[PDB]
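**Student:** 3D model of this:
(8 chains)
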Amino acid sequence: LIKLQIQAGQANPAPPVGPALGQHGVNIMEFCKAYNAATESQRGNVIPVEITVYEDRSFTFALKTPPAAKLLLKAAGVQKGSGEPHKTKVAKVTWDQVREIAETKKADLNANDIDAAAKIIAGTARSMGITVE
Amino acid sequence: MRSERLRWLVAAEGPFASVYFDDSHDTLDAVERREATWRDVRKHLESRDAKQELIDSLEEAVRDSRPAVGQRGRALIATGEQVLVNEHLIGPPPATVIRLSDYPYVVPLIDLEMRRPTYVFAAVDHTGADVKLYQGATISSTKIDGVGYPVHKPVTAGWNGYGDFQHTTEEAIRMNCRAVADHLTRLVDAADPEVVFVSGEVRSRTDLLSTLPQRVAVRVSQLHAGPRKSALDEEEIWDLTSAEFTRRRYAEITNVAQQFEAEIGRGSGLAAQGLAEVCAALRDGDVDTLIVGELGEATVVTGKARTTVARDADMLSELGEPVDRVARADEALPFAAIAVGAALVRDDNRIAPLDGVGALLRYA
Amino acid sequence: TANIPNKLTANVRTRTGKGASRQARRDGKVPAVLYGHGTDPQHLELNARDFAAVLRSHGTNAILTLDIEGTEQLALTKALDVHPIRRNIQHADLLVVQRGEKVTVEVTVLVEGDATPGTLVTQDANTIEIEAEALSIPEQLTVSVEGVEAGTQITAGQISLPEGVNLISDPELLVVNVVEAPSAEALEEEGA
Amino acid sequence: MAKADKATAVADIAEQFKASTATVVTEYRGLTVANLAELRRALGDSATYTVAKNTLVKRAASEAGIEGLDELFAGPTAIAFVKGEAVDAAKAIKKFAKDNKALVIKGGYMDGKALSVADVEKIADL
Amino acid sequence: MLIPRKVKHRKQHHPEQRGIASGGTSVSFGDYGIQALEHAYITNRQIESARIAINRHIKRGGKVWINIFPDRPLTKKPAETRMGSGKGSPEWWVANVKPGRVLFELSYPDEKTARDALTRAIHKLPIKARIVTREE
Amino acid sequence: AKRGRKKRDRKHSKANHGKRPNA
Amino acid sequence: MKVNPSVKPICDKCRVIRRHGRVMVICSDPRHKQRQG
RNA sequence: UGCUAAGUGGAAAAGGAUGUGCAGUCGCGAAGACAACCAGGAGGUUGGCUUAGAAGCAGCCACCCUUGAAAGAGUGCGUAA
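**Tutor:** Numbering: from 1, shown residues only, chains lettered A, B, ... in the order given. Take a look:
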């Protein structure tokens, strides 16, 4: 069972996918057409997926929410995080816009309540120099 | 050639003017050729509808250079808002080359380049020595002096041979040799030269070579020059070392040939030839060394990005992205090779690669 | 602060000098002097193992209760003579005190906490002078450095003291000087 | 663990049994954290699946009338506090244990008397 | 390398190497220090090698103090000459060290790196030494 | 330097008491 | 084998033992095998 | 009355080192300490930057939160990654 992060708007590119599952016996042509069709709802956000394989060299995959680090970048408008966090802070984020990432990530978080789940996203914030009001 | 000096050339964007020509202000019927070539390139740029900024950025680069001695070529590469590449060449190109396109043309620079690595030139006699270190633009000079003054053994010894200047002169010469060896070892440890030319005589050049450690004694080329009182000029030193540097640069091509042949024979997958999979490997970023053959008029169709390239749009459509432009192979492939920080090697008609291109990879 | 004094046994020195103090230290005792306001010097001897035991758990300014030939006396540790190499206790000056008497005592300060990550905490003054009654000397005064950033000075005037404790040292001593963390280009420029 | 921390832990565990109507003892040797987190959500609605030391819990058992349950605290130890109802746990444990096969019940408790493994699952059949 | 800006008398007798240190035997600026255990002359070429070994092991953070300065000069006379006819010119600067004297100091947030950084500097001095702290 | 070392080392006998002539 | 006056446990799997009046370091990795001499 | 296993006694340095004897401090421990065997060692997440590549494990900065019995922005080996 492998993991990979593929942006929604790309199907059958050379770098990310080809060598990735090119050694597990999984057909590459049939997966990309299926993945692209399923992922055509976002079309602008990279969303990961896990290839749950069977011994028969078939693929079955369930899609995931776009990563928390990428999601929090557009909420602030800055294209990249702080090279030296806690000294240079790229932008500002209030407690309001954090909750939407909690809801979008609710299916991929082990937390129980929106209050506890909000602190998980706040942890990623200071790791990349983003202030939480 | 490395991919460091041309790395910032990738960052620059805009139209690129690349001129390779002959700059030999030797004789009186040779200065005229300079402005003849200047007029030729001006009219070519006029015919290709170049922006004025290129021309008014080029005239001063052409006209403000102190003329190089003998027969030397000249290489220029500019964007219009600034100059980027401006050097002399070992030998003038057979044909004046002018190009105006978005991709710079750097193939003639791969071999023809008045730029050799750092090296040391030492003149030694068993009374001292003097050392010059070359790291490109800067030259450093040092004079090693001796502590044993009477390095000459007179015929006289004394009354019936009592007293003798055999050992007390050998020790002085050994002191001088030890001092020179220590200084040269310090220079080798600091600057890491590739060649240490030593010019002296049969006696005080083979005993200093026996004093140096194995670190430096492996990279020593022995010269045959004259006395230290005469002193040497830059032209003489250049002519002395050119013969060795020729063989040294030939050996690298030989070693690359051996690596390519071995990797092709094993069929492991660390070697690629022909555009078909060379372009794929270059796109994948795992190209370690690029060998440029006689590509000539072969064309490549690069997609949306300035880097991604493919042999034809028929197999580029497998990426989904559509074709954006068409460029010449010997003009776009080296660009992507520099982009992934690969080494560039100019074939000497001894590799015979398929389709006039080759690549040593980094993995499967 | 309420302190319970520590009971010790002291024996009057028969002899004095350097030839009799070396014998005392080779045996396991330490010479001592019990002077004070009573205008009454006394040359005593304390067990080396026992005397060092209370100092290990009660600071240098311990409150002793010496038993000199059956009586009980209240004493204070004034000064200690420690060998630079062997780390012994070559002597001990003891001062007689009474309850409710104000004594000028130099106590130690410990800095605790974790300041801004890009900061370096330096302590200048190791100790400060403190006036308190004989049974209420604090064995340690602590200062907290937390959230302190860049150039900041925790001067001796900001150190909190227990009630009933005065301050003899003026509020101008610099105790803790927190500054920016030195870079790698600053370690090379120092000391050359 | 520190001596004081062991004393602190018993105080919380002792009250957890007093406020709970019943309890179920199991073993978890072989359940991945993902497998366990599955049980903390299936049973998390009404039950709590906590574990602790054997002897440390043995002290807490002295505050209540479960003195006969000391046999089941040896080996890997799991205790489930059922604050609400008994049927909710009596059937959710059965299906989860059957799926994983690495979760074997040791016994139970109700009305001051333990109930064996065979008779603790039949409560769900009431 | 440390050299005094000026000294009154440039050729002096050899420093005495007797007794233990009368002062400067405790850590005053940093948190850790190096205490000497025997007499020697510590040249300025070994002080500079000792404080670079400390800097490289701690990389970025911390501060280094040097409590001994090379004031006193030693003179070496020209090589391969007989005895007499004057006195040699000064050649290197030393610092009279006696047992108990604290040479170097360091204040670093943790203990392992700070303690191992001082051990690297001890292996560059011609004496025996030990690591000491501010506690009693 | 074995001869010189041995000759000086024998000043540490019990009958010499740490001294000998010519060191 | 390495023969130096000073022997130390290069890695975390090295052990220091004493055979026949000699200090030795024995490790699974043959490079770290060394003895005192 | 004890010590030495080296023929030390009957030569020598920086330094290396589970040789052994004596005395003194501090931690952990029947609430089970150390060694050993059995099972977990997770989720956000491939933390942010740099990099062709950098995913705990060239390099720089930070070093959070959650489920929890515990799980480090990761102690090593390993892969181009």
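
**Student:** C-alpha from now on. contacts and neighbour counts both.
**Tutor:** Noted.

**Student:** and the lengthiest helix in chain D, what other elements does it pack with?
**Tutor:** When chain D is parsed with DSSP state H, its longest helix is helix D:3-18. Judged by 3 or more CA pairs under 8 Å, 6 or more residues apart in numbering or on different chains; DSSP states H and E, helix D:3-18 is in contact with helix D:54-60.

**Student:** now the following helix or strand past the helix it packs on, how far from the chain's geometric center?
**Tutor:** For helix D:54-60, the following helix or strand on the C-terminal side (DSSP states H and E) is strand D:78-82. Using CA atoms, centre = their mean, to the nearest Å, the distance from the centre of strand D:78-82 to the centre of the chain it belongs to is 3 Å.

**Student:** buried set for the strand ranked longest in chain C?
**Tutor:** With DSSP state E applied, the strand covering the greatest number of residues in chain C is identified as strand C:102-112. Neighbour-count burial for strand C:102-112, with 16 or more other CA atoms under 10 Å in any protein chain shown as criterion, is recorded at C:102, C:103, C:104, C:105, C:106, C:107, C:108, C:109.

**Student:** Next, the contact list for the residue nearest in space to the middle of chain A, please.
**Tutor:** Most central in chain A under CA atoms, centre = their mean is residue A:67, positioned 2.4 Å from the mean C-alpha point. By CA atoms under 8 Å, 6 or more residues apart in numbering or on different chains, the residues touching residue A:67 are A:46, A:47, A:48.

**Student:** following the host helix or strand of the last one, which helix or strand comes up?
**Tutor:** Element membership of residue A:48, judged by DSSP H and E, is strand A:46-54. Under the assignment DSSP H and E, the closest C-terminal helix or strand after strand A:46-54 is strand A:58-63.

**Student:** Could you please name the strands that next one pairs with and the direction of each pair?
**Tutor:** The strands beside strand A:58-63 in its sheet (DSSP bridges) come out as strand A:46-54 (antiparallel).

**Student:** Could you export the strand it pairs with as PDB, keeping only the C-alpha atoms?
**Tutor:** Once non-C-alpha atoms are left out, strand A:46-54 reads as follows in PDB (Å, rounded to 0.1, in the frame of the first residue of the first chain):
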ATOM      1  CA  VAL A  46      -3.400  19.000  -4.900                       C
ATOM      2  CA  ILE A  47      -5.100  16.200  -3.200                       C
ATOM      3  CA  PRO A  48      -3.400  12.900  -2.100                       C
ATOM      4  CA  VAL A  49      -4.500   9.300  -2.400                       C
ATOM      5  CA  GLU A  50      -3.600   5.900  -1.200                       C
ATOM      6  CA  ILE A  51      -3.400   3.000  -3.700                       C
ATOM      7  CA  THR A  52      -4.900   0.000  -1.800                       C
ATOM      8  CA  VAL A  53      -3.600  -2.800  -4.000                       C
ATOM      9  CA  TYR A  54      -4.600  -6.500  -4.200                       C
END
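
**Student:** That strand and RNA strand H in contact?
**Tutor:** No - counting by CA under 7 Å from any atom of the strand, RNA strand H is not contacted by strand A:46-54; separation bottoms out at 7.8 Å.

**Student:** ok, the residue of chain E found nearest chain B - how many residues close by?
**Tutor:** Using CA to the nearest CA, the closest approach of chain E to chain B is made by residue E:79 at 10.2 Å. Other residues near residue E:79 number 6, with proximity taken as other CA atoms under 10 Å in any protein chain shown.

**Student:** Residue C:94 versus that one, what's the distance?
**Tutor:** Plainly put, residue E:79 is 62 Å away from residue C:94 if you go by CA to CA, to the nearest Å.

**Student:** And stretch B:272-287, how far out from the chain middle?
**Tutor:** Its chain's average C-alpha position is 25 Å from that of stretch B:272-287, according to CA atoms, centre = their mean.

**Student:** same question, stretch C:30-50
**Tutor:** The offset between the C-alpha centroid of stretch C:30-50 and the centroid of the whole chain comes to 18 Å, using CA atoms, centre = their mean.

**Student:** Any chance you could list what contacts that stretch?
**Tutor:** By CA under 8 Å, 6+ apart, the surrounding residues in contact with stretch C:30-50 are C:8-13, C:21, C:24-25, C:28-29, C:75, C:89-97.

**Student:** For that stretch, measure first residue to last.
**Tutor:** 10 Å.

**Student:** What are the buried residues along it?
**Tutor:** Buried residues in stretch C:30-50, defined by neighbour count with 16+ other CA under 10 Å: C:30, C:31, C:32, C:34, C:35, C:43, C:44, C:45, C:46, C:47, C:48.

**Student:** Now do the SS call for the fourth one.
**Tutor:** Assigned state for residue C:34: strand (three-state reduction, DSSP: H, G, I helix; E, B strand; the rest coil).

**Student:** export the longest helix of chain D as CSV, just CAs?
**Tutor:** Listed next in CSV are the C-alpha coordinates belonging to helix D:3-18 (Å, rounded to 0.1, in the frame of the first residue of the first chain):
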residue,chain,number,x,y,z
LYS,D,3,6.1,6.4,43.2
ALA,D,4,4.0,9.6,43.5
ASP,D,5,2.5,9.3,40.0
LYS,D,6,1.5,5.7,40.8
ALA,D,7,-0.4,7.0,43.8
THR,D,8,-2.1,9.7,41.7
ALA,D,9,-3.2,7.3,39.0
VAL,D,10,-5.1,5.0,41.5
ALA,D,11,-7.2,7.9,42.7
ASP,D,12,-8.6,8.6,39.3
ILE,D,13,-9.1,4.9,38.5
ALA,D,14,-10.8,4.2,41.8
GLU,D,15,-13.5,6.7,41.2
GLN,D,16,-14.0,5.5,37.6
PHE,D,17,-15.3,2.2,38.8
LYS,D,18,-17.6,3.7,41.5
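
**Student:** Give me the buried stretch members for stretch A:29-37, please.
**Tutor:** Residues of stretch A:29-37 classed as buried under the neighbour-count rule (16+ other CA under 10 Å) are A:31, A:32, A:35, A:36.

**Student:** Mind checking if it is in reach of chain B?
**Tutor:** No - using CA under 8 Å from any CA of the partner chain, stretch A:29-37 stays clear of chain B, coming no nearer than 10.3 Å.

**Student:** Tell me who's in contact with the closest residue to RNA strand H within chain B.
**Tutor:** Shortest chain B-to-RNA strand H distance, computed as CA to the nearest atom of the strand: residue-wise this is residue B:340, at 3.8 Å. With contacts defined as CA under 8 Å, 6+ apart, residue B:340 is in contact with B:282, B:285, B:286, B:287.

**Student:** Sort out for me which of the buried residues of stretch A:29-37 are in helices.
**Tutor:** Here DSSP H is the test, and these give A:31, A:32, A:35, A:36 as lying in helices.

**Student:** What are the contacting residues of the longest helix of chain D?
**Tutor:** By CA under 8 Å, 6+ apart, the list of residues contacting helix D:3-18 from outside reads D:23, D:56, D:57, D:59, D:60, D:61, D:63, D:64, D:81.
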